[PDB]
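S.K.: Once you've had a glance at the structure underneath, I'll fire off some questions.
Counting neighbours? That spans all protein chains shown, and the Cβs are built from the backbone with ideal geometry, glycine included. Every read-out reported here was derived from the displayed coordinates using simple, explicitly stated rules and does not represent laboratory data.
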Amino acid sequence: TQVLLXXXXXXXXXXXXXXXXXXXXXXXXXXXXXXXXXXXXXXXXXXXXXXXXXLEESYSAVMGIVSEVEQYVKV
Amino acid sequence: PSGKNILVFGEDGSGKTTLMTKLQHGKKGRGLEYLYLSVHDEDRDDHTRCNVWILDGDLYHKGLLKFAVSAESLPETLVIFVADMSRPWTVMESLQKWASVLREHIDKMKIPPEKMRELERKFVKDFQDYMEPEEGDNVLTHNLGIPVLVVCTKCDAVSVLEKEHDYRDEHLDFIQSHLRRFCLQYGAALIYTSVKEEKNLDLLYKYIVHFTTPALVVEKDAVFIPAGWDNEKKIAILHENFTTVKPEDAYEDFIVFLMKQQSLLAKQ
Amino acid sequence: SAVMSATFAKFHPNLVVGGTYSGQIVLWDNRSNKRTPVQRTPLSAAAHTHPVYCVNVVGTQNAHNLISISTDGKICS
Amino acid sequence: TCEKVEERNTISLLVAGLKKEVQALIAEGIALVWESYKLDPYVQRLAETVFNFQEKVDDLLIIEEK
């Protein structure tokens, strides 16, 4: 949101995405569950001994969501 | 043509990334992935900016829907309810859940304009009234209204689903008839999709928002419910062939001191 | 334990050793994440009964013989 | 080690098993009185398990803080 701070018709179109990339940051600053994925059915391994599947890939996921939002405006 | 819109509602993935890939990506962990469409407008790309919002999850998605729907956007907003056939209970509960989220969006974000209420509700009665004719009495429609349409993924896996837990027309036709129940009650439709098959999504989205769609019940694997093929009679007809006539119980069917004080008696 | 005559260790300046009052001898190593002795001696019959008064090195790193003199009339190299 | 385990109950979680093993040997020493035959082997078990157990409590304290 800090980075994102008649030819004039594109302003109202880009403002929707620029303002849309801010509501996901209002989840009480933590939310404790910002991860949407899971691992497979483990039989004999170290599944619970590791972090989790989505725990090591959700930060880049939500980090890239805003990039997709920004890259899909001008065209 | 003004600014068209599309709200795809993926239910924990459910091939939504694959669906937007086959139609026209980093990842998806929170939702609200603003995407634009460059759909052939029968001549060229006439800048049919049908904006697509990829909403997934429930962790504060109401603000995402608030920024994803403007004031004048409401008539050209093709909401899409998506769930995958690999988990039938997920589709059955998630379709009601997406309809509830849509009703929350209508009861919270659509309520401030008064003129849009008296105009949009009449246009909703017109749309659900003009959803069914021109195909060649009354279904228990709810109060939800916006351009509604459902999309079910993992449809080219009927052999896998029958090898796992269906193995009878009861489960498959039960899913088909109950999703038809929800589509007739919501004034919606349902276009299935498959892996490298069933190129039928973009048809109703370009059709309703102003390239037509087919309907199939013979294949029983690629079932398309167009705008108008959801009635409160064929639902009971479909779940009657060896299946119970309107059941309410088959849903779950297809779904130091411490130790020393303890040892103090051992010393005796 | 009450270490008595904790002497050096030839060619092991940091691997300090020491005989104790208990009858055992303890070997410390400051660079072993344990200032407590890393090589303790059990108090069995192999070790000494009475207190170990004088642990001492005999020979270089080739024949690093550590005589631990105790008050039992028994020493342990 | 058990005072470092009771005063810091986070260490007690990973210590409990080996702690209870040393406790079992302690209960053996508590149960019998003047058992000349099982005195020395229980002394060896007590000393070896408390030696290893001391290394376990110290090592677990270090690893848990890491």
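S.K.: Distances over 32 Å make up what percent of all Cα-Cα pairs in chain B? Each step should come with its number before you reach the end.
M.R.: Working: 9291 of 35778 pairs.
Within chain B, distances greater than 32 Å cover 26 percent of Cα pairs.
S.K.: Based on alpha-carbon centroids, what's the gap between the range B:124-184 and chain D in Å, whole number please?
M.R.: Each part's Cα centre sits 65 Å from the other's.
S.K.: Taking every DSSP beta bridge that has both residues in the range B:1-255, what percent is antiparallel when rounded to the nearest 5?
M.R.: 25
S.K.: Ordered by packing density, taken as the mean number of other Cβ atoms within 10 Å over each peptide's residues, highest first, how do A:24-36, B:153-165, D:18-30 rank?
M.R.: D:18-30, B:153-165, A:24-36
S.K.: I've got another one for you. Can you give me the Cα centroid spacing of the range B:214-242 and the range B:21-45 in angstrom?
M.R.: Going from one Cα centre to the other spans 29 Å.
S.K.: Here is a further query. Can you tell me which of B:80-92, B:216-228, B:107-119 comes out highest on packing, and rank the rest after it, using the mean Cβ neighbours within 10 Å?
M.R.: B:80-92, B:216-228, B:107-119
S.K.: Tell me the Kirkwood hydrodynamic radius of the protein assembly as shown in angstroms, computed as one over the mean inverse distance between distinct C-alpha pairs.
M.R.: By the Kirkwood definition, the hydrodynamic radius is 29.1 Å.
S.K.: A follow-up question, please. Report, in deg cm²/dmol and to the nearest 500, the calculated mean residue ellipticity at 222 nm for the protein assembly as shown, where each DSSP H run with n ≥ 4 adds -39500 (n - 2.57) and the sum is divided by the residue count.
M.R.: It comes out at -11500 deg cm²/dmol, rounded to the nearest 500.
S.K.: How many partner chain Cβ atoms sit within 10 Å of a residue's Cβ in peptide B:28-41, on average, as a whole number?
M.R.: Mean inter-chain Cβ contacts per residue within 10 Å come to 6.
S.K.: Can I ask one more? Which value, in debye to the nearest 20, describes the size of the charge dipole of the range B:1-255 about its Cα centre when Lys and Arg Cβ atoms bear +1, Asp and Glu Cβ atoms bear -1, and nothing else is charged?
M.R.: My answer is approximately 920 debye.
S.K.: What share of Cα pairs, in percent, lie more than 20 angstrom apart in chain A?
M.R.: Summing the P(r) tail past 20 Å for chain A gives 50 percent.
S.K.: With Cβ to Cβ distances under 12 Å as the rule, what net charge do the other residues near B:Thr90 carry (K, R +1; D, E -1)?
M.R.: Taking every Cβ under 12 Å from that of B:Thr90, the sum is -1.
S.K.: Partner chain Cβ atoms within 10 Å, averaged over the residues of A:16-26 - can you pull that number for me?
M.R.: Taking all residues of A:16-26 together, the mean is 6.
S.K.: Which whole-Hz ³J(HN,Hα) couplings does the range D:19-30 yield from phi under the Karplus relation 6.51 cos²θ - 1.76 cosθ + 1.60, θ = phi - 60°, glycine and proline marked x?
M.R.: My calculation for the range D:19-30 gives 4, 5, 6, 5, 5, 5, 5, 5, 5, 5, x, 6 Hz in order.
S.K.: Report the net charge of residues surrounding A:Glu68, where surrounding means a beta-carbon distance below 10 angstrom and charges are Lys +1, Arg +1, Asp -1, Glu -1. Walk me through the numbers before you get to the answer.
M.R.: On the way: positive: B:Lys27, B:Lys28; negative: A:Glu70, B:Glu33.
Local charge sum for A:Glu68: 0.
S.K.: So what's the Cα pair-distance distribution over chain D, bin width 10 Å, in %?
M.R.: 22, 46, 23, 9, 1
S.K.: From the residues B:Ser159, B:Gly29, D:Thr10, which one has its Cα farthest along the dipole of the protein assembly as shown in the positive direction, the dipole being from +1 and -1 charges on Cβ of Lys/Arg and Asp/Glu about the Cα centre?
M.R.: D:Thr10
S.K.: Let me have the relative contact order for chain C, percent, based on Cα pairs under 8 Å that are six or more residues apart.
M.R.: 27
S.K.: Now for a separate question. With a 10 Å radius around each residue's Cβ, average the other Cβ atoms per peptide and rank B:5-13, B:232-240, highest first.
M.R.: B:5-13, B:232-240
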